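J.: I am sharing upload-v5.csv, which consists of CSV, C-alpha atoms:
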chain,number,residue,atom,x,y,z
A,1,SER,CA,-52.9,16.4,2.0
A,2,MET,CA,-53.2,18.7,-1.0
A,3,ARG,CA,-49.3,18.7,-1.5
A,4,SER,CA,-48.1,17.1,-4.8
A,5,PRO,CA,-45.9,13.9,-4.3
A,6,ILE,CA,-42.3,13.5,-5.7
A,7,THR,CA,-42.0,10.3,-7.7
A,8,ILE,CA,-38.5,8.7,-7.6
A,9,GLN,CA,-37.3,5.7,-9.7
A,10,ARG,CA,-34.2,3.6,-8.9
A,11,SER,CA,-32.0,1.3,-11.0
A,12,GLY,CA,-30.1,-0.1,-8.0
A,13,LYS,CA,-30.9,-0.9,-4.4
A,14,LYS,CA,-31.3,2.6,-3.1
A,15,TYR,CA,-33.0,5.9,-3.9
A,16,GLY,CA,-30.0,8.0,-2.9
A,17,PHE,CA,-31.2,9.8,0.2
A,18,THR,CA,-30.7,9.6,4.0
A,19,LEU,CA,-33.6,9.6,6.3
A,20,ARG,CA,-33.2,10.9,9.8
A,21,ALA,CA,-35.8,10.7,12.6
A,22,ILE,CA,-36.4,13.8,14.7
A,23,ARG,CA,-38.4,14.1,17.9
A,24,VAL,CA,-40.9,16.9,18.2
A,25,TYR,CA,-41.9,17.4,21.8
A,26,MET,CA,-45.3,19.0,22.9
A,27,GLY,CA,-44.5,22.2,24.9
A,28,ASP,CA,-42.4,21.6,28.0
A,29,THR,CA,-43.6,17.9,28.5
A,30,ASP,CA,-41.8,14.6,27.8
A,31,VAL,CA,-44.6,13.9,25.1
A,32,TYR,CA,-43.2,13.7,21.6
A,33,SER,CA,-44.0,12.5,18.0
A,34,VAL,CA,-41.3,11.2,15.6
A,35,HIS,CA,-41.0,13.0,12.2
A,36,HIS,CA,-38.9,12.0,9.2
A,37,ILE,CA,-36.5,14.5,7.7
A,38,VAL,CA,-34.3,14.1,4.5
A,39,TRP,CA,-30.9,14.5,6.1
A,40,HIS,CA,-28.9,14.2,2.8
A,41,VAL,CA,-29.5,13.7,-0.9
A,42,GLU,CA,-26.8,12.0,-2.9
A,43,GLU,CA,-25.4,14.2,-5.7
A,44,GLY,CA,-26.4,12.6,-9.0
A,45,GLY,CA,-28.7,10.1,-7.5
A,46,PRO,CA,-32.3,9.3,-8.3
A,47,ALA,CA,-33.8,11.4,-5.3
A,48,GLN,CA,-31.7,14.5,-6.3
A,49,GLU,CA,-32.8,14.1,-10.0
A,50,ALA,CA,-36.5,13.8,-8.8
A,51,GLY,CA,-36.2,17.1,-6.9
A,52,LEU,CA,-35.9,15.9,-3.3
A,53,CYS,CA,-33.8,18.2,-1.1
A,54,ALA,CA,-32.0,17.9,2.2
A,55,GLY,CA,-34.2,19.5,4.9
A,56,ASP,CA,-37.5,18.3,3.3
A,57,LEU,CA,-39.7,16.4,5.8
A,58,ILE,CA,-41.5,13.4,4.4
A,59,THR,CA,-45.2,13.4,5.4
A,60,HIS,CA,-46.4,10.4,3.2
A,61,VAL,CA,-45.0,7.4,1.5
A,62,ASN,CA,-47.2,6.3,-1.5
A,63,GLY,CA,-50.0,8.4,0.0
A,64,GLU,CA,-49.8,6.7,3.4
A,65,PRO,CA,-49.1,9.2,6.3
A,66,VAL,CA,-45.9,8.6,8.4
A,67,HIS,CA,-46.5,11.2,11.3
A,68,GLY,CA,-45.6,9.2,14.4
A,69,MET,CA,-44.4,5.9,12.6
A,70,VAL,CA,-41.0,4.9,13.9
A,71,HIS,CA,-37.9,5.2,11.6
A,72,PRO,CA,-37.6,1.4,10.7
A,73,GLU,CA,-41.3,1.3,9.8
A,74,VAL,CA,-40.9,4.3,7.3
A,75,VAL,CA,-37.7,2.6,5.9
A,76,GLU,CA,-39.8,-0.6,5.4
A,77,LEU,CA,-42.5,1.3,3.5
A,78,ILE,CA,-39.9,2.8,1.1
A,79,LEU,CA,-38.2,-0.7,0.9
A,80,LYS,CA,-41.4,-2.6,0.0
A,81,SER,CA,-42.5,0.0,-2.6
A,82,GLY,CA,-40.1,-1.5,-5.2
A,83,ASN,CA,-38.1,0.4,-7.7
A,84,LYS,CA,-40.6,3.3,-7.8
A,85,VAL,CA,-41.8,5.4,-4.8
A,86,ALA,CA,-44.0,8.5,-4.3
A,87,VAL,CA,-43.1,10.7,-1.4
A,88,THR,CA,-45.1,13.7,-0.1
A,89,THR,CA,-42.9,16.4,1.4
A,90,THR,CA,-43.0,19.8,3.2
A,91,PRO,CA,-43.0,22.7,0.6
A,92,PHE,CA,-39.6,23.8,-0.8
A,93,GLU,CA,-37.2,25.7,1.6
A,94,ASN,CA,-33.7,27.1,1.1
A,95,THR,CA,-33.4,29.5,4.1
A,96,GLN,CA,-30.7,28.9,6.8
A,97,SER,CA,-28.4,31.0,8.9
A,98,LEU,CA,-24.9,30.4,10.3
A,99,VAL,CA,-24.9,31.8,13.8
B,1,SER,CA,-31.3,22.2,31.4
B,2,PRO,CA,-30.0,24.7,28.8
B,3,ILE,CA,-26.7,24.4,26.9
B,4,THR,CA,-24.5,27.4,27.5
B,5,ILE,CA,-22.2,28.3,24.6
B,6,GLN,CA,-19.4,30.9,24.6
B,7,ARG,CA,-17.8,32.3,21.5
B,8,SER,CA,-14.4,34.1,21.1
B,9,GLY,CA,-15.0,34.7,17.4
B,10,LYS,CA,-17.9,36.2,15.5
B,11,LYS,CA,-20.0,32.9,15.4
B,12,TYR,CA,-21.1,30.0,17.6
B,13,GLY,CA,-20.4,27.5,14.9
B,14,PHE,CA,-24.0,26.1,14.3
B,15,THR,CA,-26.5,26.6,11.5
B,16,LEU,CA,-30.2,27.1,12.1
B,17,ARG,CA,-33.1,26.2,9.8
B,18,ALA,CA,-36.9,26.4,10.3
B,19,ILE,CA,-38.9,23.3,9.5
B,20,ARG,CA,-42.7,22.7,9.1
B,21,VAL,CA,-44.1,19.8,11.1
B,22,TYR,CA,-47.4,18.7,9.6
B,23,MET,CA,-50.1,16.9,11.5
B,24,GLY,CA,-51.0,13.4,10.2
B,25,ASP,CA,-52.6,13.5,6.7
B,26,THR,CA,-53.6,17.2,7.0
B,27,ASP,CA,-52.2,20.6,5.8
B,28,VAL,CA,-52.0,21.7,9.5
B,29,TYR,CA,-48.4,22.4,10.7
B,30,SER,CA,-46.3,24.0,13.4
B,31,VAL,CA,-42.9,25.7,12.8
B,32,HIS,CA,-39.8,24.3,14.7
B,33,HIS,CA,-36.2,25.5,14.8
B,34,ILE,CA,-33.6,22.8,14.1
B,35,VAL,CA,-29.8,22.8,14.5
B,36,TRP,CA,-29.0,21.8,10.9
B,37,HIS,CA,-25.2,21.7,11.3
B,38,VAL,CA,-22.6,22.0,14.1
B,39,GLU,CA,-19.1,22.8,13.1
B,40,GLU,CA,-16.5,20.3,14.3
B,41,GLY,CA,-14.2,22.0,16.8
B,42,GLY,CA,-16.4,25.1,17.1
B,43,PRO,CA,-17.9,26.6,20.3
B,44,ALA,CA,-21.4,24.9,19.8
B,45,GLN,CA,-19.8,21.4,19.4
B,46,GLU,CA,-17.6,21.8,22.5
B,47,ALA,CA,-20.7,22.9,24.5
B,48,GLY,CA,-22.6,19.7,23.5
B,49,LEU,CA,-24.9,21.0,20.8
B,50,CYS,CA,-25.8,18.4,18.1
B,51,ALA,CA,-27.2,18.6,14.6
B,52,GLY,CA,-30.8,17.5,14.7
B,53,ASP,CA,-31.4,19.2,18.1
B,54,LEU,CA,-34.6,21.3,18.2
B,55,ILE,CA,-34.2,24.7,19.9
B,56,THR,CA,-37.2,25.6,22.2
B,57,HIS,CA,-35.7,28.6,24.1
B,58,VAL,CA,-33.0,31.2,23.8
B,59,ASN,CA,-31.8,32.6,27.2
B,60,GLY,CA,-35.1,31.2,28.7
B,61,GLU,CA,-37.3,33.0,26.1
B,62,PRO,CA,-39.6,30.5,24.2
B,63,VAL,CA,-39.1,30.5,20.4
B,64,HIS,CA,-42.6,29.0,19.7
B,65,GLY,CA,-44.4,31.5,17.5
B,66,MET,CA,-41.1,33.0,16.3
B,67,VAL,CA,-40.0,32.9,12.6
B,68,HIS,CA,-36.4,32.0,11.6
B,69,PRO,CA,-34.9,35.6,11.4
B,70,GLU,CA,-36.4,36.5,14.9
B,71,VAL,CA,-34.6,33.4,16.4
B,72,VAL,CA,-31.4,34.4,14.6
B,73,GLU,CA,-31.8,38.0,16.0
B,74,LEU,CA,-32.2,36.6,19.7
B,75,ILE,CA,-29.0,34.7,19.3
B,76,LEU,CA,-27.2,37.7,17.7
B,77,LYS,CA,-28.4,40.2,20.5
B,78,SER,CA,-27.2,37.7,23.2
B,79,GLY,CA,-23.6,38.6,22.4
B,80,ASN,CA,-20.6,36.3,23.1
B,81,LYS,CA,-22.6,34.0,25.5
B,82,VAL,CA,-26.0,32.3,24.8
B,83,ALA,CA,-28.1,29.7,26.7
B,84,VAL,CA,-30.1,27.4,24.4
B,85,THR,CA,-32.8,25.0,25.6
B,86,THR,CA,-33.1,22.0,23.3
B,87,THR,CA,-35.0,18.8,22.9
B,88,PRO,CA,-32.8,15.8,22.0
B,89,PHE,CA,-31.5,14.8,18.6
B,90,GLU,CA,-31.5,11.1,17.5
B,91,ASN,CA,-28.6,9.7,15.6
B,92,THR,CA,-31.2,7.4,14.0
B,93,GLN,CA,-30.7,7.4,10.2
B,94,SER,CA,-30.8,5.0,7.3
B,95,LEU,CA,-29.5,5.2,3.7
B,96,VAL,CA,-32.6,4.5,1.5
Give the structure from this file in structure tokens form.

T.:
Amino acid sequence: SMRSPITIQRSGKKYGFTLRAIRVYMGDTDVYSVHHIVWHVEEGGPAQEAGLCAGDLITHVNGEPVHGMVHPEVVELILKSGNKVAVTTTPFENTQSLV
Amino acid sequence: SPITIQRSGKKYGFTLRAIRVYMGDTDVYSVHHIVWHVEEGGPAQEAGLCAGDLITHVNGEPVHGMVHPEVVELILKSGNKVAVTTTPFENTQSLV
């Protein structure tokens, strides 16, 4: 909403990040919504240089909300954007624990 | 049904992260606990735990409303056996 988008520019076919879909279920029911997480950012790629990090969730593609959209629809939004894309993400995180 | 994991060493061989799940176009969100990594050949992998799984319960105790260090502490205090309730991962990914 009020979160600042990350602008990425590519010279080749890809932005250099992997998008994974995750299912977020409501309580103990079979009801879920699909969310889009940055699973990997290629070292030295356009997304890494722009500040995108593995673990960031993408909430918007060029200001358009993606909450609920299926994985191929979000991939299509990024694909149709051209060689420049604006992604809105979750705020920066770097906390994890090996258990 | 929960995934029961048993460890013979110090760790279960999985990494936990906390993620914010925002609602639509708003700044409203809920905190979820994701299995970020599962070590190949470790206890969690052998028990069937997968990277991308979301953890909803630890030994039947719901983790909704808990922060990352509290969930880590539940797993630590469980000792060498832990039962984790998850919601499925999806090996749905694309290189973009």

J.: Considering only C-alpha atoms, state which residue in the set B:95, B:18, B:67, B:23 is at the smallest distance from residue 52 in chain B.

T.: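 Looking at the shortest contact to residue 52 in chain B, the residue is B:18.
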
J.: Would you mind reading off the distance between CA of residue 6 in chain A and CA of residue 20 in chain B, one decimal, in Å?

T.: 17.4 Å

J.: Quick one: which residues from chain A are at most 9 Å off chain B, using all atoms listed in the file, as a compact mmCIF listing (two decimals) with C-alpha atoms, in the coordinates of the input?

T.:
# COMPACT_ATOMS: atom_id res chain seq x y z
CA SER A 1 -52.90 16.40 2.00
CA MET A 2 -53.20 18.70 -1.00
CA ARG A 3 -49.30 18.70 -1.50
CA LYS A 13 -30.90 -0.90 -4.40
CA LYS A 14 -31.30 2.60 -3.10
CA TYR A 15 -33.00 5.90 -3.90
CA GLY A 16 -30.00 8.00 -2.90
CA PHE A 17 -31.20 9.80 0.20
CA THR A 18 -30.70 9.60 4.00
CA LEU A 19 -33.60 9.60 6.30
CA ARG A 20 -33.20 10.90 9.80
CA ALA A 21 -35.80 10.70 12.60
CA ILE A 22 -36.40 13.80 14.70
CA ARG A 23 -38.40 14.10 17.90
CA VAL A 24 -40.90 16.90 18.20
CA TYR A 25 -41.90 17.40 21.80
CA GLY A 27 -44.50 22.20 24.90
CA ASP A 28 -42.40 21.60 28.00
CA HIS A 35 -41.00 13.00 12.20
CA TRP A 39 -30.90 14.50 6.10
CA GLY A 55 -34.20 19.50 4.90
CA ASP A 56 -37.50 18.30 3.30
CA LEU A 57 -39.70 16.40 5.80
CA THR A 59 -45.20 13.40 5.40
CA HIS A 60 -46.40 10.40 3.20
CA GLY A 63 -50.00 8.40 0.00
CA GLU A 64 -49.80 6.70 3.40
CA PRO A 65 -49.10 9.20 6.30
CA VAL A 66 -45.90 8.60 8.40
CA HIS A 67 -46.50 11.20 11.30
CA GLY A 68 -45.60 9.20 14.40
CA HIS A 71 -37.90 5.20 11.60
CA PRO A 72 -37.60 1.40 10.70
CA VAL A 75 -37.70 2.60 5.90
CA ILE A 78 -39.90 2.80 1.10
CA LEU A 79 -38.20 -0.70 0.90
CA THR A 90 -43.00 19.80 3.20
CA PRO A 91 -43.00 22.70 0.60
CA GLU A 93 -37.20 25.70 1.60
CA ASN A 94 -33.70 27.10 1.10
CA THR A 95 -33.40 29.50 4.10
CA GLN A 96 -30.70 28.90 6.80
CA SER A 97 -28.40 31.00 8.90
CA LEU A 98 -24.90 30.40 10.30
CA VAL A 99 -24.90 31.80 13.80

J.: Could you state the separation of CA of residue 11 in chain A and CA of residue 45 in chain A in Å, given to one decimal place?

T.: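 Atom-to-atom, CA of residue 11 in chain A to CA of residue 45 in chain A, that is 10.0 Å.
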